[PDB]
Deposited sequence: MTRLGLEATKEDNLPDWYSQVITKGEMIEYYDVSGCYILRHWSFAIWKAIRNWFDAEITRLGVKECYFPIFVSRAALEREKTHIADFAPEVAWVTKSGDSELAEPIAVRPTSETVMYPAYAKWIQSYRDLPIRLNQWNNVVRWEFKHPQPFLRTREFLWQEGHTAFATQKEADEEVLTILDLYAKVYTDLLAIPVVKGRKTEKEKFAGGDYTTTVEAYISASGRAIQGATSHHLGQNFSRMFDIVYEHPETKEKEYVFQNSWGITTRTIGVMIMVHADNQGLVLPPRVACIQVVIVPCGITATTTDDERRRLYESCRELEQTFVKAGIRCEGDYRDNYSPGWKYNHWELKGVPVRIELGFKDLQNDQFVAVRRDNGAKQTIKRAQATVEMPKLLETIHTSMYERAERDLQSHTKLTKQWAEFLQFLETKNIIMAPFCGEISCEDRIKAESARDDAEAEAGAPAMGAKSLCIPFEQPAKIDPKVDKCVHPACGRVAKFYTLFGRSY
């Protein structure tokens, strides 16, 4: 029965709403900007969270929890960014019917609370480094048009905050966290990305520099930051008097800080990239169910003893899949036809469906069907334990390389501004030589109406030969500092 009524290419938003609802991944909510994560998508987040947490604790980071409320003073004292952020802050100002003396803010991030804590907690050189992480929820009252995973007012993330004695420690951590974020996207979500440094405009305002992983959703034609990992350097230490006495040098020494974060926006990217016109398509490594066994060949008058015999062999296959470490469940609901179940689990996006009927068990075998391809492969029951991991391996690769192919089909390089704007009009992203200065990024953005910097990619396409190369914008005559990636932004 249930099915997608729209298509990715013609009506992307209604397609997206149909895939997150009929994929049982989201329920809408009477508070705007906020969405119910039903269990089918929360398991995606749970896999991402668990994987990344295991990584950063193996690294020596530790898990903590600061309160959801922040003082007006914690917030505004020594402002990180008066910026244009203060409007986006959710303010509690009444208990029941009693208004409170000073109002308290729901956290948008925890710098202004965790940095005073670090100032207390570091009274000597011996107390360093501090590597603390929280898995928490934040609220940003963002005046834009909201969407389930991509622009939400409350969302889950993890924020890691770190303080070291040396800048070398801090630099290397920034890159180790970025490698793990990159792994979240490629190895778990089968999504390709570009590692880079934000330009001076797009960097976190308070940081020394800001690294990032950036991805592209081509169906929409827009690019999106997938995760970031900042090097604050000494800015916040000097702000918050996070100091120790140098063991040799008698003089006060400020610590070197990093912060890094990744949000549930990841899941939205996963949809936009991998979900097709029949519904969701889950990367095998985050799917709550990797393999679903639908017992087939049950007619309106299949008998309870026949039904039970088949159900029982299905549970035995499901069990030897669990014991092989792969996440398999069987669907034994009696008020649903085999075909109804095929369509159900297709909408839900399970990498593999197993059709096992009476004719299959009589030949001691089964059929496996890929959610991405529709490709069917008959496996002898014996080879199950060895064939099914290969398959799930294969499925990931196909999902990934397909996605990367699309990304490379939507990355065009030019040194000429006209070819830049042609490429941008044709719905893709452009590596071009950029002076790096903020004014020129502004002129570029205005004059593509718009196109923002994405990152200065780590893998540069070529080294700028200064005898020739000038920044792609004709109004600045600055020689090109590097290749930068520009595109229309989310």
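A.B. asks: No C-alpha coordinates means not modelled. Give me those stretches of the deposited sequence in order.
C.D. replies: No C-alpha coordinates exist for 1-2, 452-464.
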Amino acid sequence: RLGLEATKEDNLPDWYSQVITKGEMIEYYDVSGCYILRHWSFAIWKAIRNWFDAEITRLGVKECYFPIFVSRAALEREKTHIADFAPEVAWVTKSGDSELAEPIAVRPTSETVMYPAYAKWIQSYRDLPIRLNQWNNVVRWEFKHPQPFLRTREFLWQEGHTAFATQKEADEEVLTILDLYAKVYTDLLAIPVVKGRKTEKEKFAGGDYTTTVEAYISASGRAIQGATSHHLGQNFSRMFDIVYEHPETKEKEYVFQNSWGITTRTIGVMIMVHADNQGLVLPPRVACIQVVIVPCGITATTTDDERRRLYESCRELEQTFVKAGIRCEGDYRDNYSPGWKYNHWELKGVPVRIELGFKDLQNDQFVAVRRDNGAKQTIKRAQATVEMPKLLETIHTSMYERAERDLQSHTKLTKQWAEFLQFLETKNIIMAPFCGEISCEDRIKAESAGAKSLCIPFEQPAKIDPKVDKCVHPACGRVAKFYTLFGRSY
From here on, numbers count along this sequence of modelled residues.
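A.B. asks: So, looking at the entry's B-factor column for Cα atoms, which has the higher mean, 186-194 or 141-149?
C.D. replies: It is 141-149.
A.B. asks: Averaged over C-alpha atoms, is the B-factor higher for 153-161 or for 77-85 in this PDB entry?
C.D. replies: That would be 77-85.
A.B. asks: Looking at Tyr181, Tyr342, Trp417, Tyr209, which has the biggest Cα B factor in the entry?
C.D. replies: The listed residue with the largest C-alpha B-factor is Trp417.
A.B. asks: Per the entry's Cα B factor values, which of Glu393, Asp97, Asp127, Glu173 stands out as the maximum?
C.D. replies: Highest C-alpha B-factor among the listed residues goes to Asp97.
A.B. asks: Which third, lowest, middle or highest, does the C-alpha temperature factor of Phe240 belong to within its own chain?
C.D. replies: CA B-factor rank for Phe240: highest third.
A.B. asks: Give the position of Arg107 by CA B-factor within its chain, expressed as the lowest, middle or highest third.
C.D. replies: Middle third of the chain for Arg107's C-alpha B-factor.
A.B. asks: Should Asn428 be placed in the lowest, middle or highest third of its chain by the C-alpha B factor in the entry?
C.D. replies: Its C-alpha B-factor, which the entry lists for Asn428, ranks in the middle third among residues of this chain.
A.B. asks: Should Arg307 be placed in the lowest, middle or highest third of its chain by the C-alpha B factor in the entry?
C.D. replies: For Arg307, the deposited C-alpha B-factor lands in the middle third.
A.B. asks: Lowest, middle or highest third: where is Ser41 by C-alpha B factor in its chain?
C.D. replies: CA B-factor rank for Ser41: lowest third.
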